[PDB]
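Read through the structure below, which is laid out as C-alpha cells, and then see the notes.
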Amino acid sequence: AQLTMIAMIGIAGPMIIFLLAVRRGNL
Amino acid sequence: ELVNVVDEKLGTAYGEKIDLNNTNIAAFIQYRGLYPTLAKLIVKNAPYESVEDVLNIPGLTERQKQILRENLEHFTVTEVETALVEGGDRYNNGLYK
Amino acid sequence: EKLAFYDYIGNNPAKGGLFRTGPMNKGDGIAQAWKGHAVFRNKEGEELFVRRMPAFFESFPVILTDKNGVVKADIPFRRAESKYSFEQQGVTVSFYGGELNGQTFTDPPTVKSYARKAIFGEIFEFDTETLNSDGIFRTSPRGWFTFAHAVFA
Amino acid sequence: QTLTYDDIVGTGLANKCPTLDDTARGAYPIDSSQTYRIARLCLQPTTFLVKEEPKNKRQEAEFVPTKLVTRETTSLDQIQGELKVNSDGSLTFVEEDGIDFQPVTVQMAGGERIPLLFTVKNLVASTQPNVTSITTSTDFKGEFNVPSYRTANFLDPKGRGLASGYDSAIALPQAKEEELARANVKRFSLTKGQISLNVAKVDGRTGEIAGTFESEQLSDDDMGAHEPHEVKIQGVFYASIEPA
Amino acid sequence: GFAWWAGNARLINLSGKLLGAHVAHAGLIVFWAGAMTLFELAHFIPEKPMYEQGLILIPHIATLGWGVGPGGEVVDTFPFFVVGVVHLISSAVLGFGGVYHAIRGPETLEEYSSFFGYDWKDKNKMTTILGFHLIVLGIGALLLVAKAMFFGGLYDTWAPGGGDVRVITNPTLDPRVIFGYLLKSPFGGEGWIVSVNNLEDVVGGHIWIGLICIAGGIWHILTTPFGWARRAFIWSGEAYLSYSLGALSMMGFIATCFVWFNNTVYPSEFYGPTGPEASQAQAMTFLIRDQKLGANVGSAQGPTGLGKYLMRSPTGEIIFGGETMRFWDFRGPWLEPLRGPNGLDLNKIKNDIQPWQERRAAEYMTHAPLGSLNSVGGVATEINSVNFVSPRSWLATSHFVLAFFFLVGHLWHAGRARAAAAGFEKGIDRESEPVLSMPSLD
Amino acid sequence: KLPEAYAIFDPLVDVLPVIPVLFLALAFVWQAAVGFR
Amino acid sequence: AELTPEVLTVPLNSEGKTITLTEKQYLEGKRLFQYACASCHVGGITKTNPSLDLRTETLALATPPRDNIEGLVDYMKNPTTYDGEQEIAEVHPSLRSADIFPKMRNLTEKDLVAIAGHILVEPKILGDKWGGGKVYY
Amino acid sequence: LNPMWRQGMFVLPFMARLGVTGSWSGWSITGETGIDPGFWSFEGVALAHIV
Amino acid sequence: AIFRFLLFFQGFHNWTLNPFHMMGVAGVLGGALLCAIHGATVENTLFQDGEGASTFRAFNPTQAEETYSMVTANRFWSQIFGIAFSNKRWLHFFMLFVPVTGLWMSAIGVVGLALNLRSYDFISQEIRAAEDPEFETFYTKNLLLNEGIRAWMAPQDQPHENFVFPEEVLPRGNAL
Amino acid sequence: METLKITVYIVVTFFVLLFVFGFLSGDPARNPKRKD
Ligand code: CLA
Ligand code: CLA
Ligand code: CLA
Ligand code: CLA
Ligand code: CLA
Ligand code: HEC
Ligand SMILES: CC1=C(/C=C/C(C)=C/C=C/C(C)=C/C=C/C=C(C)/C=C/C=C(C)/C=C/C2=C(C)CCCC2(C)C)C(C)(C)CCC1
Ligand SMILES: CC1=C(/C=C/C(C)=C/C=C/C(C)=C/C=C/C=C(C)/C=C/C=C(C)/C=C/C2=C(C)CCCC2(C)C)C(C)(C)CCC1
Ligand SMILES: CC1=C(/C=C/C(C)=C/C=C/C(C)=C/C=C/C=C(C)/C=C/C=C(C)/C=C/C2=C(C)CCCC2(C)C)C(C)(C)CCC1
Ligand SMILES: [Fe+2]
C-alpha cells in the first residue's frame, strides 16, 4: 500500500537513532 | 400625486402578462420558442400599439409568425414607462438569481 | 379600547433602546383613539392576515397570509419579479369598530399604509405634535426598572 | 503618425476630442442623391456653468462658474447616426448610438456639489435650409433627452428606491409619513436639453469637421427629492462624415 | 552557552560542521523539488487545465518552454519527469556530502585548508566568498538567457495565435528600458518591475543582471571593504545572516506581488487568471451576452449614472464598468485586440469579438482566484461542489507569510548581532548600568 | 501520470514529498534520545 | 429518506418512456457533473448566464425539450440555444467541440447518460434549491 | 438683505475692514463668486491666529 | 454556534455600537497589550546574572534581588513613549485592573440586551437621513447590513417562527 | 501644484539624506559599552 511504503520510510529515521543508542554511538 | 410608477404598473396587465413594451427580456423564457431570437426582435422593435402588431415585424419567417400567433394570449401592451425602459433595463435589469 | 391598546407592540417593553430617553409618548406619540380593527382581503374575497412583528426585529417585512399560513400578498422589495404585490392581488382593507368603523379602502398606497401599521398589532391614532414625538419606540417603566435592578444586582 | 494606447494611457489625452488644423477652412459638399452618416461625433466640455437661485422676485440670477471634481471623465465620444438631407436642403443629424452620457459633478462657490448627466441622448440636430455644403459658418441646432441621473434600481442610503427598495422610512416606524413623502416616493424625470454646434473648421478632403458647442439642460434632482439646477455646458466638438 | 532549542547556534564557530548543515539543507531543497515534480506528474491529467489540479512546479517548467505547444496544450510530459528525477537524484549527492561534513568531516575547516577555512571577522575572506557566489548567480541568470535564445525559447502568452513557445532573438538591451523598470512607481498603472510584459525585456534584464553579478563578483574577490563600509556595518556571522534575512524578506514580498499581478512570466494558461483578469472577464462576459440580446452596451446608463458596461477611467480611457473599474490597468492577450488609442473601442466591441475570446472570458471568470482553505472554489458563501483554489492564491499567501517571518527574523538577528558586538546581549551589568551614570531626565 | 515503465513506483511517489518533514521530526527524536542537551 | 428506485426513475425521451438509474450511475453522474460542468452550473444555475438554469421546468420548455435523457445526451453532443435556432458548440462544452473543450474528450456515451441522469434526479431531491440560487442556500 | 451685521457677525467685519474679503470656498462678502483669495482668506487668517 | 451568536448580535442588537461592548474591547485589547509589553520589557531589561547565552538559567526563585532593571525600563519608556511606570506594585495592579474592568463592562451591556435595551440607533442621524436622501454615513451603511442579516438568517435561525419570506421581499442591492 | 510637488520632493530628499548619512556616521560606535 501507500501506507506500507510510508511506514518503512518513517521507520528508518528512528531506527538510526536506536542503532546508535544501543551501540553507544556519537549521538 | 406622489405615486411610485413601478408599483402602479403592477396593477395593470403588466403585472400578469409579458408586456411587449416594458417587460425585461428574461421573461420570454417562460414560453417555448421565444428566447433568445424572437425576444430580441420583439424588444428591438418595441413599442407596439397592439399585441397583434408583433406579427408585422419585418423579417419574420412563417415558423416565427406561428410561434408568435400561438403565444399572443400571453402578451399585452401598456403605455411605455420611462423608468422601465431607460438604462437599457429591458436587456439587463440588475436581476440575476 | 383599553384592551385593544394592550394588543399593540408599542406598549411592549422589549421594543426600546438604551439611549431613547423619556416617556413612551415621546416616541409613537400620545395615543388618542383606536382606529378600528383592520381586515384585509384579496380580490377573491379571501381574508388575509398580516404577520406580526416579533420583539427581536427593529424592522420587519409586510407579509400577508391566509388562515392556513400561506403567503398571499406582501410589499415587495425588488419589484421586477414580484408575484404577491397588493396591486396584483387587489388587497383591500376594511375597518370594524373604533374610529374608522365601516370604512373600506381600496387604493393600494392607503391599503399598504395600514398594512405597515398592522404589523404592530391594533392600529391607533397618535398625537405626535404635542411632545414633538420622533416615531421611535421607547421602553416602559417595567423595562427601566428591570434594567436598573439587574445591573445593580 | 498615429498614437497607440500605450502612448495615450494616463495622460488625459483619452478624454480629448480630435482637433483639426487651423488651415482646415474647406467645405464639404452635400449630394442630396446620396445618404450620409456621422461615423464619429465627439464632444469635449471645457466649462460648466450653473444658474443660481436669486430667492427674490424679478432679478433672475446668472450662470456662475464651477469647479469640476470628477476628473477627466467628461467627454462624449463614438456617437454615430444618420445625417439626412431634408426637402428644403437642411441637414438633420439623428443620433443612433454611442457613448452619449457622462455623469459629472461640479462644485459651486460655498461647497454645494451639483451632479448632472451630461448627455446628448436621442439628439436630433438640424441646419438652416439650403445648405448644399458644410462650411465654417454652418450651425447645427437641436434638442435631446435628459433621463434621470440615477436609474430605477438605485437605492438611497436608507434603502429606498423606485424599482427596488423600501417604500417608507423604516427607521422611524411611527413617524407621520406625510412629511416624508417626497423622500419616500422616488420619481424618474425625463427632461429636454438644447444644443448648438458651430462648425469652425472643415477638412473638405476627409469629411472631418470641428467646432464649438453650447448646451443647456437640468442637473440631478435626486429622484424628485429636490429641485434641479439649470446648467450651461460649453466645449469643442469633432465629427467625421461618411457617404452611407 | 546555548540551550538545546538554540542548538544550531552552537555551529557559529565550527566552519566544518556548519558546511555540512548548509549542504545537507541544500539537499532537502533539491529533494522537495524532485519529489514534488514527480508527485505532480503522477497526478497530472493533460485534459484539465493545470490550475484546476493544484500544480505549482509543472507550471514553472512549462513556462520555460518544455512540454508545451501552442495555446499551452501539454504535448510531452517527459521533460517534467526528467526535471524531477534529476533533482531527486542530485539530492542524494548533496545529502551525502552534507552528513559527511556534519558528522565525520573535520569539525573546523581552518586547520585542514586555508582556502576553505574562514573567520567571520576576516573582511577580505568574506568578500571573496561573496564574490564567488555572485559569479555563480551571474552564470545562473545567463542560463535563462541561453535557454531563451539558443535552446528552444520560452513560452510566450502574448504570441500571436493564442500563445506558443518562441525563441528570443532580440532581447532588450537599451538601459533606458531595463533600468527604466526599476524607477517606475510601484503604484497602480505603473507597478515597478512587476509590470514587465514581454519576453524581450525579461531576457534582456537577465543579460544585464548576469554581467552585473559577474562584474561585482570579480570586484569583491579583488577588493576589501572601504573604511566607510567598515565603520557602518557589524562584522560577524549573525550580522551577515541578519542582512540576508532582510534581503530574502524583501524578495518574498516582491514574488508575492509578481504572482498576483503578472500574467507574462506567470502565464494565466498555467497559473489561472489573475484577480484583476477574472474580474475584467466577468464584465466582458456580460457585455458579450447582453450585446447578443440587442443591448447597446455603449449607451447603457447604469443605476448610479455611470455606464453599466463601459465608462471612463480618471484619465479618460474607456474601461469596463461596475466594481471592476478598479482593475482597468489590467492587460491581457485576450483583451488587447479590443483596445484602441482611447481604450476599449466600441466598434471593435460591436463587431470583432471572436468565439475564442468569449470562451476565454467565461473560463477566466469561473476560475477567479477565490476559494476556501479546504479548497471549495468561489466566494465564501458558495456551496460545496467545485474543488478549486488558484495556484496564484496558494503562491501569493505562502510567500507573504514566509516573507513576513523572515522580516521578523531579520529584526531578531540584527538586534542581537548589534547587542552581541557591543557586549550586552546577555543582560545589563549590575555594577555598570549605563542609565545609572546618566543624568536624570527631569 | 508517470511513464508506463515506472508505474510500479506510483504509490512510492505519492509519499516522497512528505519526506523533508520527517527530517524536522527526526531532529526531536534525536534530542529526546540524548535528553535535550 | 433514501435514494429509492422511484427517485432514480427519469424520462428517457419525449414519448414518456422511462429509465431507472442505479445508485452507482447517480454517484458517477454527480462526479462527472462536478468534473466537467460545475464550474458554471454548480447547484443548477448558470454563472455565465443566470437567465437559463438546469431546472426541470426550464429544460422542459427548451426547444428540443431537454427534460429527458435523450434530449440531454443530444445537448452534450450538439448544444443549441434555448429556441433551437443556433448551434453553440463553439462557446459551450460538447463532444462536437471537444478539441477546444478538452475535458469533454475522455467522456464516453455511458458517462453522458450518467450526467444527464444526475441533472434529472437532483431537483427531485433538492427541490427549489436546484437552480434556485443563493436565496435557497 | 442679509449682510453680516444682520447675522451677529463680530470679527468678520474687522477682517473685511482691512482687506480680507473672500473665503477658500469661493465666495466673497461683496457677493462675487468664483474668486480665489489665496492664503489670506477668512480661513487663512483664522488658521494663522491659531498657529 | 458561538460565531452564529456573534453575528446575531450584530444584526439584531447592533452590538458593535454599544459603548459597554466598546469598553470591553478596550479592556481585552488593552490587557493583551499590557501582557506583551510587560513581558517584552522585563526580558529586554534583564541583568546579566550568568554567562550563558540562554538567560533563563540565571534566575533563582529564592533570590532577593530584582532580575531586571526597573530604572532602565523606566528611562526607555519615558523617552520612547513619554511616560513610563515607576511603581512595580501599581503596574501589576493595573494589569489586574484593565482586563477585569473591561469584562465587567461588557457584562453590563449584555444585561441591557437581555431586554432589547440596545444602543441600536442615533435618532439625529435617522431624522436627517429620512428627510435627506443624499446624506450617508458609515452608520447608515451598517444598518443596511444588519437588515440583510436579519432577513436572510431569521427563517433558518428561528425555525419555530415559520417565517416564509418570498424572494420578492428579501432586501438586496443591485445584482447581488 | 508643481510648486507643491517640487517643495515636497526637496523636503523628503533632505530628510532621507539625513537618515542615510546619520547611520553612516559611525553608528555602531554610539553605544555605552564598547565603541569601535
Ligand atoms: C432605579 C432607578 C431609576 C429608574 C429605573 C428610573 C426610570 C425612569 N425615569 Mg427616573 N430618576 C432616577 C432613578 C430612576 N428612574 C433618579 C435617581 C433621578 C434623579 C437624577 C431620576 C430623575 C428622572 C427625571 C428627571 C426623569 C426620569 C424619567 C424616567 C423614565 C425614563 C428613563 C430614561 O430615559 O432613562 C435614560 C437612561 C439612560 C440614558 C441610561 C444612562 C446610564 C449611563 C449610560 C451609565 C453610565 C455608565 C458609567 C460611565 C460606567 C463606567 C464605569 C467605569 C469607569 C468603571 C423612566 C420611567 C423621565 C420621565 O419620563 O419622567 C416623566 C424624566 O424626565 N427620571
Ligand atoms: C536562513 C534562515 C535562518 C537561519 C539560518 C537561522 C539561524 C538561527 N536562528 Mg533564527 N530565525 C529565522 C531564520 C533563520 N534563523 C526566522 C525567519 C525567524 C523568525 C521566525 C527566526 C527567529 C529566531 C529566534 C527567536 C531565535 C533564532 C535563533 C537562531 C539560532 C539557533 C536556532 C536553532 O537552533 O533553532 C532550533 C530549531 C527549533 C527549535 C525548531 C523550531 C520549530 C519551528 C518554530 C516550527 C515549525 C513549524 C512548521 C512551519 C510546520 C511544522 C509541521 C509539523 C508537522 C512538524 C541560529 C543561529 C536563536 C538565537 O538567537 O540564537 C542566537 C533564537 O532564540 N531565530
Ligand atoms: C535542516 C535542519 C538541520 C540541520 C542540517 C542541522 C545540523 C546540525 N545540527 Mg541542528 N537542529 C535542528 C535542525 C538542523 N540541524 C533543529 C530543528 C533543532 C532543534 C531540535 C536542532 C538542534 C540541535 C542541537 C541541540 C545541536 C544541533 C547540532 C547540529 C550539528 C551536529 C549534529 C550531530 O552531532 O548529530 C549527531 C546525530 C546523529 C549521529 C544521529 C543521526 C543523524 C543523521 C545525520 C541522520 C541522517 C538521516 C538521513 C536519512 C541519512 C541520509 C543518508 C543519505 C545521504 C545516504 C549539525 C551540523 C549540534 C551541534 O551544533 O554540535 C556542536 C547540537 O548540539 N542541532
Ligand atoms: C558548497 C559545498 C561544499 C564545500 C564548500 C566543500 C568543501 C570541502 N569539502 Mg566537501 N562535499 C560537498 C560539497 C562541498 N564541499 C558535496 C556536495 C559532497 C558530496 C559529493 C562532498 C563530499 C566531500 C568528501 C567526501 C570530502 C570533502 C572534502 C572537502 C574539503 C576539501 C575538498 C577539496 O580538496 O577539493 C576537491 C575538489 C574537487 C574534486 C574539484 C571537483 C569539482 C566538482 C566535483 C565539480 C564542480 C561542482 C559544480 C560547480 C556544481 C555541481 C554540478 C551540479 C549543479 C550538476 C573542502 C573543505 C574532503 C575533506 O574534508 O576531507 C577531510 C573530503 O574527503 N567533501
Ligand atoms: C549579494 C549582493 C551583494 C552584496 C551583499 C554586496 C555587499 C557589499 N558591497 Mg558590493 N556589489 C555587488 C553585489 C553585492 N555587494 C555587485 C553585483 C556589484 C557590481 C555593481 C557591486 C559593487 C560594489 C561597489 C562598487 C562597492 C560595493 C561595496 C560593498 C560593501 C558595502 C555595501 C553597502 O554599503 O551597500 C549599502 C547600500 C548603499 C550605501 C547605497 C544604496 C543604494 C541603493 C541603490 C538604494 C536603493 C534602495 C531601494 C529601497 C531599493 C530599490 C532599488 C533601486 C535602485 C530601484 C558590501 C561588502 C563597497 C565596498 O566596500 O567595496 C569594496 C563599494 O564601494 N559593491
Ligand atoms: C461555462 C464555460 C459552462 C460550462 C463548463 C458548462 N456550461 Fe452549460 N451552459 C453555459 C451557458 C452560458 C449556457 C446558456 C447557453 C445558451 O445561450 O443557451 C448553458 C446552458 C446549458 C444547458 C441548457 C439549459 C436550459 O435551461 O435549456 C444545459 C442542459 C447545459 N448547459 C448543460 C451543461 C453540461 C451537461 C455541462 C458539463 C458537461 C455544462 N453545461 C458545462 C455554460 C456552461
Ligand atoms: C527518496 C527515496 C528514499 C529515501 C528515503 C529517505 C531519505 C528517508 C528518510 C527518512 C526519515 C528522515 C525518517 C524520519 C522519521 C522520523 C519520525 C518518524 C519522527 C517521529 C517523531 C515523533 C513522533 C516525535 C515525538 C515527540 C518527541 C520525540 C519529543 C517531543 C514530543 C513529541 C511527541 C513531538 C529511499 C531510500 C526510500 C529509496 C526510494 C526513494
Ligand atoms: C545533519 C543532521 C540532520 C540533517 C540531515 C539532513 C537534512 C540530511 C539530508 C539528507 C538527504 C537530502 C538525503 C537524500 C536522499 C535521497 C536519496 C536516497 C534518493 C534516492 C533516489 C532514488 C533511489 C530514486 C528512485 C527513482 C527513480 C530513479 C526513478 C523514478 C522512481 C524512483 C523515485 C523510485 C538532522 C536534522 C536529521 C539531525 C542533526 C544532524
Ligand atoms: C532581471 C530583470 C530585470 C532587471 C532587473 C534589474 C536590472 C534589477 C536591479 C536591481 C538592483 C540594482 C537592486 C538594488 C538594490 C539595492 C538595495 C536593496 C539597497 C539596499 C540598501 C540598504 C540595505 C542600506 C542600508 C544602510 C543604510 C541606508 C545606511 C547605512 C547603513 C546601511 C548600509 C545598513 C527587468 C526588471 C528589466 C525585467 C525582468 C528581469
Ligand atoms: Fe511582572
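With ideal geometry, Cβ positions are generated from the backbone for all residues, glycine too; neighbour counts draw on all protein chains shown. Each answer follows from the model by the rule given with it, or from the source it names; no laboratory read-out is quoted.
Taking D:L49 as the residue in question, decide whether it is closer than 22 Å to D:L197 by Cα, in a strand (DSSP E or B) and not acidic (D, E). Explain how you work it out, then say what you get.
Numbers: closer than 22 Å to D:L197 by Cα: yes; in a strand (DSSP E or B): yes; not acidic (D, E): yes.
Against the criterion (closer than 22 Å to D:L197 by Cα, in a strand (DSSP E or B) and not acidic (D, E)), D:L49 qualifies.
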Exercise. Exactly one of (1) surrounded by fewer than 23 Cβ atoms within 10 Å (Cβ to Cβ); (2) more than 8 Å from every other protein chain (Cβ to nearest Cβ) is unmet by D:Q174. Its number?
Worked result: (2)
For this session: Within the stretch D:6-55, count every residue that is buried (at least 20 other Cβ atoms within 10 Å of the Cβ), touching a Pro at 6+ places or on another chain (Cβ under 9 Å), in the same structural domain as D:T138 (by CATH) and closer than 30 Å to D:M108 by Cβ.
Result: 3
For this session: Specify the residue that is farthest from the other protein chains (Cβ to nearest Cβ); the eligible residues are those in the stretch F:1-23 that are within 10 Å of the chain's Cα centre (by Cα) and not aromatic (F, W, Y).
Result: F:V21
Exercise. Does the stretch D:219-242 contain any residue that is more than 8 Å from every other protein chain (Cβ to nearest Cβ), in a loop (DSSP other than H, G, I, E, B), buried (at least 23 other Cβ atoms within 10 Å of the Cβ) and over 25 Å from the mean Cα position of the chain (by Cα)?
Worked result: no
Exercise. Would you call C:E47 in contact with a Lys or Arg (Cβ under 8 Å, 6 or more places away or on another chain), within 24 Å of B:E16 (Cβ to Cβ), surrounded by fewer than 20 Cβ atoms within 10 Å (Cβ to Cβ) and more than 14 Å from chain B (Cβ to nearest Cβ)?
Worked result: yes
Exercise. Just for the stretch E:314-366: of the residues that are of a type in the set (V, I, T) and free of Cβ contacts under 8 Å to residues at least 12 places away in the same chain, which one is nearest to D:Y5 (Cα to Cα)?
Worked result: E:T315
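Please state which one of E:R331, E:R392, E:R326 is under 21 Å from the mean Cα position of the chain (by Cα) and within 30 Å of D:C42 (Cβ to Cβ). Talk me through it step by step, then tell me what you get.
Details: E:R392 fails: within 30 Å of D:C42 (Cβ to Cβ); E:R326 fails: under 21 Å from the mean Cα position of the chain (by Cα).
That would be E:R331, the only listed residue that is under 21 Å from the mean Cα position of the chain (by Cα) and within 30 Å of D:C42 (Cβ to Cβ).
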Seminar exercise, completed: Cβ pairs under 9 Å, 6+ apart or interchain, first in the stretch G:58-77 and within 11 Å of chain B (Cβ to nearest Cβ), second within 16 Å of ligand 10 (Cβ to nearest atom) and among the hydroxyl-bearing types (S, T, Y), ordered by first then second residue, are none
Exercise. (1) crowded, with 18+ Cβ neighbours inside 10 Å; (2) free of Cβ contacts under 8 Å to residues at least 40 places away in the same chain; (3) away from ligand 5 (no atom under 16 Å from the Cβ): which one isn't true of E:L154, the others all being true?
Worked result: (2)
Exercise. What are the residues in the stretch G:32-51 that are over 15 Å from G:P123 (Cα atoms), in contact (Cβ under 8 Å) with a residue 12 or more places away in the chain and within 9 Å of chain B (Cβ to nearest Cβ), if any?
Worked result: G:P50
Problem set entry | Among the residues listed as I:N146, I:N174, I:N87, I:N162, the single one being among the polar types (S, T, N, Q), within 30 Å of E:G305 (Cα to Cα) and either within 7 Å of another protein chain (Cβ to nearest Cβ) or surrounded by fewer than 15 Cβ atoms within 10 Å (Cβ to Cβ) (or both) | I:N174
Exercise. How many residues does the stretch E:1-21 hold that are of a type outside the set (A, V, I, L, M), in contact (Cβ under 8 Å) with a residue 24 or more places away in the chain and within 11 Å of ligand 8 (Cβ to nearest atom)?
Worked result: 2
For this session: Kindly indicate whether any position in the stretch E:30-51 is touching a residue at least 24 places away in the same chain (Cβ under 8 Å) and within 16 Å of ligand 9 (Cβ to nearest atom).
Result: no
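Is it true that D:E62 is loosely packed, with under 14 Cβ neighbours inside 10 Å, more than 7 Å from every other protein chain (Cβ to nearest Cβ), on the phi < 0 side of the Ramachandran plot and among the charged types (D, E, K, R)? Can you show your working first?
On the way: loosely packed, with under 14 Cβ neighbours inside 10 Å: yes; more than 7 Å from every other protein chain (Cβ to nearest Cβ): yes; on the phi < 0 side of the Ramachandran plot: yes; among the charged types (D, E, K, R): yes.
When the stated conditions are applied, D:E62 passes them.
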Exercise. When you go through (1) within 14 Å of chain H (Cβ to nearest Cβ); (2) of a type in the set (A, V, I, L, M, F, W, C); (3) assigned to a strand (DSSP E or B) one by one for D:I79, which number turns out not to apply?
Worked result: (1)
Exercise. Checking C:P76 against (1) away from chain B (no Cβ under 14 Å); (2) touching a helix residue (DSSP H, G or I) at 6+ places or on another chain (Cβ under 7 Å), which single condition isn't satisfied?
Worked result: (1)
For this session: Filter the stretch C:104-153 for residues that are in contact with a helix residue (DSSP H, G or I) (Cβ under 9 Å, 6 or more places away or on another chain), β-branched (V, I, T) and over 25 Å from I:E126 (Cβ atoms) and give the result.
Result: C:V111, C:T146, C:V151
Problem set entry | Positions within the stretch E:221-242 being away from chain J (no Cβ under 14 Å), under 14 Å from E:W120 (Cβ atoms) and more than 16 Å from ligand 3 (Cβ to nearest atom), in sequence order | E:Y240
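Got a sec? Which of E:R359, E:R392, E:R331 is surrounded by 17 or more Cβ atoms within 10 Å (Cβ to Cβ), outside any loop (DSSP other than H, G, I, E, B) and not assigned by CATH to the domain that holds E:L55?
On the way: E:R392 fails: not assigned by CATH to the domain that holds E:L55; E:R331 fails: outside any loop (DSSP other than H, G, I, E, B).
Within the list E:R359, E:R392, E:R331, the selection yields E:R359.
Mind checking which strands (runs of 3 or more DSSP E) fall wholly inside the stretch C:53-104 and carry at least 2 residues that are over 30 Å from G:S51 (Cα atoms)?
C:92-96
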Problem set entry | Unmet criterion (only one of (1) of a type in the set (G, A, S); (2) within 10 Å of chain E (Cβ to nearest Cβ); (3) within 28 Å of I:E147 (Cα to Cα)) for I:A73 | (3)
Seminar exercise, completed: Of those in the stretch E:101-123 that are surrounded by 14 or more Cβ atoms within 10 Å (Cβ to Cβ) and part of a helix (DSSP H, G or I), the residue nearest to ligand 2 (Cβ to nearest atom) is E:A102
For this session: State all residues of the stretch I:131-176 that are over 22 Å from D:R160 (Cβ atoms) and either in contact (Cβ under 8 Å) with a residue 12 or more places away in the chain or among the polar types (S, T, N, Q) (or both); if no residue qualifies, say none.
Result: I:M153, I:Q156, I:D157, I:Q158, I:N162
Exercise. Here are some conditions: (1) among the aliphatic types (A, V, I, L, M); (2) surrounded by 14 or more Cβ atoms within 10 Å (Cβ to Cβ); (3) outside any strand (DSSP E or B). E:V165 meets all but one. Which one does it not meet?
Worked result: (3)
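Output the residues belonging to the stretch E:95-109 that are closer than 12 Å to E:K17 by Cα and touching a residue at least 60 places away in the same chain (Cβ under 8 Å).
Within the stretch E:95-109, the first condition is being closer than 12 Å to E:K17 by Cα, and the residues that meet it are E:97-109.
E:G97, E:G98, E:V99, E:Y100, E:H101, E:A102, E:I103, E:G105, E:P106, E:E107, E:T108, E:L109 - these are the residues of the stretch E:95-109 that are closer than 12 Å to E:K17 by Cα and touching a residue at least 60 places away in the same chain (Cβ under 8 Å).
Do any helices (runs of 4 or more DSSP H) entirely within the stretch G:19-60 hold 2 or more residues that are of a type outside the set (A, V, I, L, M) and either farther than 29 Å from E:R289 by Cβ or more than 7 Å from ligand 6 (Cβ to nearest atom) (or both), and if so, which? Write out each step before concluding.
Details: elements: G:23-36, G:38-41, G:56-60.
Correct list: G:23-36, G:56-60.
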Exercise. For the stretch B:1-85, which fully contained helices (runs of 4 or more DSSP H) count at least 3 residues that are farther than 22 Å from D:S164 by Cβ?
Worked result: B:37-44, B:62-71
